[PDB]
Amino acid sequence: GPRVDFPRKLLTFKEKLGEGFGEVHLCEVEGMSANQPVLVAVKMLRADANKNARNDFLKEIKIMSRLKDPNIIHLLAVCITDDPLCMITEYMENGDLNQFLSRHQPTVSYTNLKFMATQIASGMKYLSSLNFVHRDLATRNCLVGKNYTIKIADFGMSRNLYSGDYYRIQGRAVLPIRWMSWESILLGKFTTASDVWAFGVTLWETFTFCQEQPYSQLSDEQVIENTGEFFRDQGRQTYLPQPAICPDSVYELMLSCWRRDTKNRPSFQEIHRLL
């Protein structure tokens, strides 16, 4: 797994990339590579730190220290000897996919648009195989590297830019209802098939360039109202429309993700093989 206790003084601050638990910094790993040294993302937990919050961070490492895929974020090192506890990952110079695509209609061709979703299906193909369930697959949870390289991460609700993407249902628990299957927002049934339904919405997002929020005309209460219509299956449900620059075949793939029955949905192996 990750390098246990990397020397902290080997990390040179460049800039903080978020403050959601402590804050995330861009750092230069100083000393002995080729031309440019390795730049990393360092997530350091707050000083105050309550036992449960301290435990939450170590639970994040427990989950993150099992992932090893070219399309999954990578946990390089962990500074765990003395406080603050840190978790070190690689750096995706082009930020998140939602922010990246929003700036394009710059231009990314169909081949390269298809290439980003294939890597997402590839990275998702991995998670399934470890019996892991992402629960929140969206372009905001996708990081962009060099030459359209996509890595899947999990940021939670914390990124305040994406607050109107999560619906508070009980206490501090929030839901990405526009990406979730009916059995996910009715029965709380989380499966690879639920992640597949998120993949169809993540592909829709991609093919729309993150310019339109999923279910634009519907509200946070109209979206949960729509889940029941997917279940009732009486032709009173609304699906995402076919994007303008999306082949008939890609929207057909999109549809199979949103099919009512869990078993009737494609696997990530099927999805990756089509893509």
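Position 1 is the first residue in the sequence shown; the rest follow in order.
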item: Deposited residues omitted from coordinates between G20 and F21, as a class; value: 1 to 3
item: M32 to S33: deposited residues without atomic coordinates; value: 10 or more
item: Average Cα temperature factor in the PDB entry - higher stretch of 218-226, 66-74; value: 218-226
item: Mean Cα B-factor comparison, 50-58 or 237-245, giving the higher one as deposited; value: 50-58
item: Largest Cα B-factor, entry values, listed residues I177, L203, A193, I80; value: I80
item: Top Cα B factor in the deposited entry, candidates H134, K125, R172, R140; value: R172
item: Lowest, middle or highest third - CA B-factor, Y91; value: middle
item: Chain-relative CA temperature factor third for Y110; value: highest
item: Chain-wide C-alpha B factor ranking for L11, given as lowest, middle or highest third; value: middle
item: B-factor third for the C-alpha atom of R159 within its chain; value: highest
item: Modelled-residue ranking by C-alpha temperature factor, third containing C210; value: middle
